[PDB]
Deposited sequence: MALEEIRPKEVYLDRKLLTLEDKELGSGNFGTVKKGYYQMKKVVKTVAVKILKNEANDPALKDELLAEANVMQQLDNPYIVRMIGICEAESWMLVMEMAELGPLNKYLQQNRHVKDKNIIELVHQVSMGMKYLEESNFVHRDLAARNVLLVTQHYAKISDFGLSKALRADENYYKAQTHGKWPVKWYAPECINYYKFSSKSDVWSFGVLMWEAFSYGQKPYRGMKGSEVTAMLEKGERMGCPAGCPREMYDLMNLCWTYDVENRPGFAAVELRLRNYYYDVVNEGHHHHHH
């Protein structure tokens, strides 16, 4: 969990940025191999947020979720993770607009498998967006960015909160401050839309309070160009207003798994 600063070699160039500080590429001398890493580097609230985040990732063991190597206290606090070379999903789709439809279904299914696992593990993500999906290859996606994440209490199906990615948030989060796995299902809907719109921001040119107004009227973002109908049906299903009747990730992953098998069969035919 605690890494040795001497074994860590940072690079100058910064790969990305957030409120916390920077993301830089580096190397960590493992037992015999050198391993390529991404490091979150801070610029007291922020400090504690990094320790909590690291404590969450430590518990997570799945092929579709970013792996934490460990943490380090030097110049600043550093959270060290295995590296996803091709970067955040949204940027990638913005710069590769001819990625095939089958490839997108593949990647969002992988996110769904990682989210099904996370549900079973009783953690909520609370920031599930395409910028927080990281690509190892063009056919391998992983979920990261767990700074808003919560381990649910053994006696609760949701976490009660006390600045938010509003456009990814379910009605019950905005209205009642309650975040559950069904809430992440809602954001997955928005994530899919983002993926099929090739990295475009959702609800463009609308303020947070207008989006709320829109959803309450029963309005939803339209089908992206070239997006298969059944994938849009799945999006709308994820956007079930009422938590009770919204599907969980088991249902969502099953549906994505099966649709992907038809599309793979189609290709061969």
* **Non-modelled portions of the deposited polymer sequence, in sequence order** => 1 to 10, 54 to 58, 178 to 180, 288 to 291
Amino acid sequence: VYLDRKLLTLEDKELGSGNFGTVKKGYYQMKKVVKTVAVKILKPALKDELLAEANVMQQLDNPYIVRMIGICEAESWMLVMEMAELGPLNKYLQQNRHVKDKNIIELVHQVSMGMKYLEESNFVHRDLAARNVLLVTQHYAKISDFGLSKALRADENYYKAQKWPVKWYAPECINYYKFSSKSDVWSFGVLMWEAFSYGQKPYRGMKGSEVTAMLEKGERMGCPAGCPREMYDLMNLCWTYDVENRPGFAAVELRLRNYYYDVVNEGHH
From here on, numbers count along this sequence of modelled residues.
* Can you check if, in at least a third of the other PDB entries compared, residue 43 has no modelled coordinates? => yes
* **90 to 98 or 191 to 199, whichever carries the higher mean Cα B-factor** => 90 to 98
* Structure fact -> Assert higher mean C-alpha B factor (121 to 129 or 76 to 84, deposited values) equals 76 to 84
* Asked: Quick one: which of 149, 162, 175, 110 has the biggest Cα B-factor according to the entry?
  -> 162
* residue 250's Cα B-factor: lowest, middle or highest third of the chain? -> lowest
* Structure fact -> Of the three thirds of the chain ranked by Cα temperature factor, residue 64 occupies the lowest
* Ordered by C-alpha B-factor within the chain, which third holds residue 212? Give me lowest, middle or highest, please. => middle
* According to the PDB entry, is the CA B factor of residue 239 in the bottom, middle or top third of its chain, that is, lowest, middle or highest? -> lowest
